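What follows is one chain in structure tokens, specifically the form deposited in one PDB entry.
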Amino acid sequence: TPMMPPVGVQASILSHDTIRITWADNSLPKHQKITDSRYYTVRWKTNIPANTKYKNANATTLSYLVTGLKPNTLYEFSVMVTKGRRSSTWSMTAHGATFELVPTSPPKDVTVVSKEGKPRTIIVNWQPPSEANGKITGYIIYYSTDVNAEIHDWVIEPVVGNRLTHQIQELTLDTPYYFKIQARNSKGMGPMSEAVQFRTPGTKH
């Protein structure tokens, strides 16, 4: 015999990894006291891609704390009830997106190449960090001719927005230069890459 599904399903954003789901049961008095053997099952998946697998959990309460979620990620949530051999279809879909977190991984695959026929110019390329934890609002490139120099003495080259390439001109020939890159998002700065070395070309004559 079929059960009516949960109603008024809501998401509460607690952190970058936790969302609280709460709902009502119209087969319970206004006060919502669970006196029965009934148990709710909560399922969730990331909104995109469409074909992702639902993760799920059981609760004896009219709320559930969903954990282990990615920062800055939008999720879909539905609930269902089971009172003994009786069960119900999945409730209305509730949506929630976890907060951003500062990046916790440095920019990946940092490379340097000399610009075509312009030896005093270089092109720097990189990849976004694995743990970006938010919409990347830019990067900061640091360069020095002394790898042992303190970060304050390193030349700051900002990169506005999610750009993965940046050209640096007016460099000195036949010289090792060192490069560190760090990512930024709305919540702050993340770790820096390990310095990559590039020696600018020499002239022939």
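Don't overthink the numbering: it's just position in the shown sequence, from 1. Superpose the two forms; the largest set of C-alphas matching within 1.5 Å is the rigid core.
Here the subject shifts to the form deposited with a partner chain bound, a form of this protein not shown in this document.
Stretch 49 to 57 is the answer when you ask which of 148 to 156, 170 to 178, 35 to 43, 49 to 57 has residues with heavy atoms within 4.5 Å of its partner chain in the entry with it bound.
The contact with its partner chain in the entry with it bound, taken as any heavy atom within 4.5 Å, belongs to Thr73 out of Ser105, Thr93, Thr82, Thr73. Interface membership of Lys135, defined by any non-hydrogen atom within 4.5 Å of its partner chain in the entry with it bound, is confirmed. In the entry with it bound, its partner chain sits within 4.5 Å of a heavy atom belonging to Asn162.
At a distance threshold of 4.5 angstroms between non-hydrogen atoms, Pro119 is out of contact with its partner chain in the entry with it bound. Within 4.5 Å of any heavy atom of its partner chain in the entry with it bound lies no heavy atom of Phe77. For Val160, a C-alpha deviation below 2 angstroms is recorded between the shown form and the other one after rigid-core alignment.
Fitting the two forms on the rigid core leaves the C-alpha of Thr52 displaced by at least 2 angstroms between the shown form and the other one. Legend note: Cα of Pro103 to Cα of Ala50 is at least 3 Å closer in the entry with it bound than in the depicted form. In the entry with it bound, the Cα-Cα separation between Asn47 and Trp23 grows by 3 Å or more relative to the displayed conformation.
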